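Build the 3D model from these lines:
(chains A and B)
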Number of protein chains: 2
Amino acid sequence: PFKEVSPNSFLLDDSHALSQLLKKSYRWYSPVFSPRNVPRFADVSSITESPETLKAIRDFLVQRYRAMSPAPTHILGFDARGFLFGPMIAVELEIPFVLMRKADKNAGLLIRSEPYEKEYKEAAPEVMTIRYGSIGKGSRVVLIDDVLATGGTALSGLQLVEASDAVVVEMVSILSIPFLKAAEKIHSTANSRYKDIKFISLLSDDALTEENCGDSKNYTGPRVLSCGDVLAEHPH
Amino acid sequence: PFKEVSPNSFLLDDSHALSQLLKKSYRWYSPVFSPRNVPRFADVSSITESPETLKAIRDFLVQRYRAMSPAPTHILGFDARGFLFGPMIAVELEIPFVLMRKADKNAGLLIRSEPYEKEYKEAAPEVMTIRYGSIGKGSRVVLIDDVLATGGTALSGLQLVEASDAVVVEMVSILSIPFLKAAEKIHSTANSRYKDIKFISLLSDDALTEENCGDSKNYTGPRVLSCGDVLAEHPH
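Numbers count the residues shown, from 1 in each chain, chains lettered A, B, ... in the order given. Below you will find the coordinate block:
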């Protein structure tokens, strides 16, 4: 079951088989072996390439929403890693999977989010969208993505669902980075207007150790190799 | 069953329930209501937001790969729309779902594709990657994406699987645009080196009519609305 680690922010108890599987499967990479400058980049591929882990995520969440009352009406996934988990849950629940993407990636009349201005040593916030009418009045939406880091896109999701005159069931993520205090900040911003938004995570990055490092040890070459170069490494 | 519309390019017979459901569900948008300058932008959301259609795609393809011999070992989906269909099939087949993404989106040591130079009135081709070792020697990979248009990324997929010393089972897409002759061009390029690559599609865009137009009729406003503006349209 989910334990409240902080107000309206729940974490799956680490005894659960899903939590153990995630801890075992996850792989993170350091700057030299990743595309972003963060200490540990948690690779979503380490999850999707694991059949057992992918199935455990699907089963747990589907069971969770089937037993939920009132039941969710929609699943809104974030571009692009949220697309990896949303559809397999939505197909079982038999509800629509809506896409949250940048305007230049979305079709139809769109509704755009309004991100806050960035703070010193910033990092530009993303304006995200959903098609106008993809979610209606009375819709109960589950927001999904792989990792809850700073919470920028989660806030975009909240704004878009609110603008649509619908309610957020909860923000679910496979992994959370509690240090970045996304849930805490969202829960207090603008006089606690989002205080009632529930956040659920299946694993905390604090559970990831050196054993989860996917970095190649004692490697001094480039991070990216051309397909022609890789071809020359074997008889073909 | 799949019919050969051209050498190694198969289309699901339009009598199939899956083909009928796709024709009924699909929605396309013209330039003013889409993010790309094409006559008809086939919106993948019209598929994912349709529970019945999403389930029909999952059931058909899963059944197809379970009855396949030798059975596929991996499913490689294209960023980001391929992420929408791959995982729900891979979870049932209990095989890995590998991600093909641009280098600045992928973790670990990567293998990059080598796209051809563009032709007059061009449109810059994308260099795509997969993590080195995500697919090994002897792997039988199914490539998946929503639409087969020019085939640029499909070729990247083929190159990456080939470089990995693995074989392509087939390139599958929900929708194909036969007019752009992607299958024909890939099958002849570089002295027919990819002649044996099978292409399967579930629906041809020629089946999409005006009835599938998602455009708002007699609308003169902007394509994108801010969440604040949408909020003012209803009591809140």
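
and stretch A:17-34, does that touch chain B?
Yes: under the criterion of Cβ under 8 Å from any Cβ of the partner chain, chain B is reached by stretch A:17-34 at A:27, A:29, A:33, A:34. (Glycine included, C-beta is placed from N, CA and C.)

By neighbours, which of those wins?
Greatest neighbour count in those, by other Cβ atoms under 10 Å in any protein chain shown, goes to residue A:29: 26 neighbours.

dump the residue contacts of that one.
A:40, A:41, A:43, A:213, A:214, A:215, B:107, B:108 (Cβ atoms under 8 Å, 6 or more residues apart in numbering or on different chains).

quick one on the thing from earlier: redo the residues of stretch A:17-34 next to chain B as CSV? Include secondary structure.
Converted to CSV, the residues of stretch A:17-34 next to chain B look like this (DSSP: H, G, I helix; E, B strand; the rest coil):
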residue, secondary structure
A:27, coil
A:29, strand
A:33, helix
A:34, coil
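
The nearest residue to residue A:28 once chain neighbours are set aside - how many residues pack around it?
Among residues not flanking residue A:28 along the chain, residue A:40 sits closest, at 4.0 Å (Cβ to Cβ, 6 or more residues apart in numbering or on different chains). By other Cβ under 10 Å, 19 other residues sit near residue A:40.

next one: the one 3 residues further on
A count of neighbours around residue A:43, defined by other Cβ under 10 Å, yields 23.

residues near the residue nearest to it when sequence neighbours are not counted, how many?
Of all residues not flanking residue A:43 in the chain, residue B:107 sits nearest, at 4.1 Å (Cβ to Cβ, 6+ apart). Residue B:107: 23 surrounding residues under other Cβ under 10 Å.

Would you agree residue B:107 falls within a strand?
No: applying three-state DSSP, one finds residue B:107 to be coil, outside a strand.

Let me see the contact set for it.
Here residue B:107 is in contact with A:27, A:29, A:33, A:34, A:35, A:41, A:43, A:45, A:214, B:131 (Cβ under 8 Å, 6+ apart).

Give me the distance between the third one and residue B:156.
It stands for residue A:33. Distance of residue A:33 to residue B:156, computed by Cβ to Cβ, to the nearest Å: 22 Å.

ditto for residue A:40
Distance from residue A:40 to residue B:156, by Cβ to Cβ: 28 Å.

thinking again about what came up before, among the contacts of residue B:107, which one lies nearest to residue B:16?
residue A:45 (33.0 Å; Cβ to Cβ).

I figured the closest one hits residue B:98, correct?
Yes: if you go by Cβ atoms under 8 Å, residue A:45 and residue B:98 touch, sitting 7.0 Å apart.

overlap in contacts of those two?
B:131, B:134.

How about the secondary structure of the residue nearest to the spatial centre of chain A?
The structure's chain A has its C-alpha centroid closest to residue A:145; by Cα atoms, centre = their mean the separation is 2.0 Å. Assigned with three-state DSSP, residue A:145 falls in the strand class.

what residues are up against it?
A:77, A:78, A:81, A:82, A:153, A:154, A:171, A:172, A:173.

Return the distance of it relative to residue B:108.
Residue A:145 is 20 Å from residue B:108, by Cβ to Cβ.

Over to residue A:27?
8 Å.

Next: residue A:176.
From residue A:176 to residue B:108 the distance is 22 Å (Cβ to Cβ).

try residue A:9
From residue A:9 to residue B:108 the distance is 30 Å (Cβ to Cβ).

ok, what's across the strand from residue A:130?
residue A:111 (DSSP bridges).

Give me the next element, helix or strand, following the lengthiest helix in chain A.
What stands out as the longest helix in chain A, according to DSSP state H, is helix A:51-66. Next helix or strand after helix A:51-66 toward the C-terminus (DSSP states H and E): strand A:74-78.

ranges for the strands of chain A?
Counting by DSSP state E, chain A has these strands, from start to end: A:2-6, A:9-12, A:28-29, A:41-42, A:74-78, A:97-100, A:110-112, A:129-131, A:140-148, A:167-176, A:199-204, A:224-226.

if we can go back for a sec, could you report the distance from the residue nearest to residue A:43 to residue B:135?
Counting by Cβ to Cβ, the gap from residue B:107 to residue B:135 is 15 Å.

Name the residues contacting each of residue A:27 and residue B:108.
A:43, A:45, A:214.

number of nearby residues for the nearest residue to the second one once chain neighbours are set aside?
On the basis of Cβ to Cβ, 6+ apart, the spatially nearest residue to residue A:45 that is not a chain neighbour turns out to be residue B:99, at 5.4 Å. Residues lying near residue B:99 (other Cβ under 10 Å) number 29.

Report the beta-bridge partners for residue B:99.
Here residue B:99, judged by DSSP bridges, has bridge partners residue B:77.

I figured it hits residue B:79, correct?
Yes: judged on Cβ under 8 Å, residue B:99 makes contact with residue B:79 at a distance of 6.6 Å.

Phi first, then psi, for the residue in chain A sticking out farthest from the centre.
Most distant from the centre of chain A: residue A:235, at 40.5 Å, with distances by Cα atoms, centre = their mean. Dihedral pair for residue A:235: phi -60, psi 130, per degrees, to the nearest 10.

mind listing what it touches?
No contacts exist for residue A:235 under Cβ under 8 Å, 6+ apart.

Surely residue A:89 touches residue A:58?
Yes: using Cβ under 8 Å, residue A:89 is in contact with residue A:58, at 6.2 Å.

When the two are compared, which one has more neighbours?
residue A:89 (25 against 19).

burial measure for residue A:104, as a count.
9.

thought it was touching residue B:35?
Yes: judged on Cβ under 8 Å, residue A:104 makes contact with residue B:35 at a distance of 4.6 Å.

what bridges to residue A:9?
residue A:6, residue A:199.

What is the neighbour count of the residue nearest to residue A:7 when sequence neighbours are not counted?
Counting by Cβ to Cβ, 6+ apart, residue A:7 lies nearest to residue A:187, which is 6.2 Å off, once chain neighbours are set aside. Residue A:187: 20 surrounding residues under other Cβ under 10 Å.

can you tell me which residues contact residue A:187?
Residues counted as contacts of residue A:187 (Cβ under 8 Å, 6+ apart) are A:7, A:8, A:9, A:194, A:195, A:197.

List only buried entries from the residues you listed.
A:8, A:9, A:194, A:197 (16 or more other Cβ atoms under 10 Å in any protein chain shown).

Find the pair from those residues with maximum spatial separation.
Farthest pair in the buried ones among the contacts of residue A:187, by Cβ to Cβ: A:9 and A:194, 11.9 Å.

Report the separation between residue A:136 and residue A:164.
Taking Cβ to Cβ, one finds residue A:136 at 7 Å from residue A:164.

pretty sure residue A:137 contacts residue A:163?
No: using Cβ under 8 Å, residue A:137 is not in contact with residue A:163, being 11.3 Å away.

Of those two, give the one with the bigger neighbour count.
residue A:163 (26 against 9).
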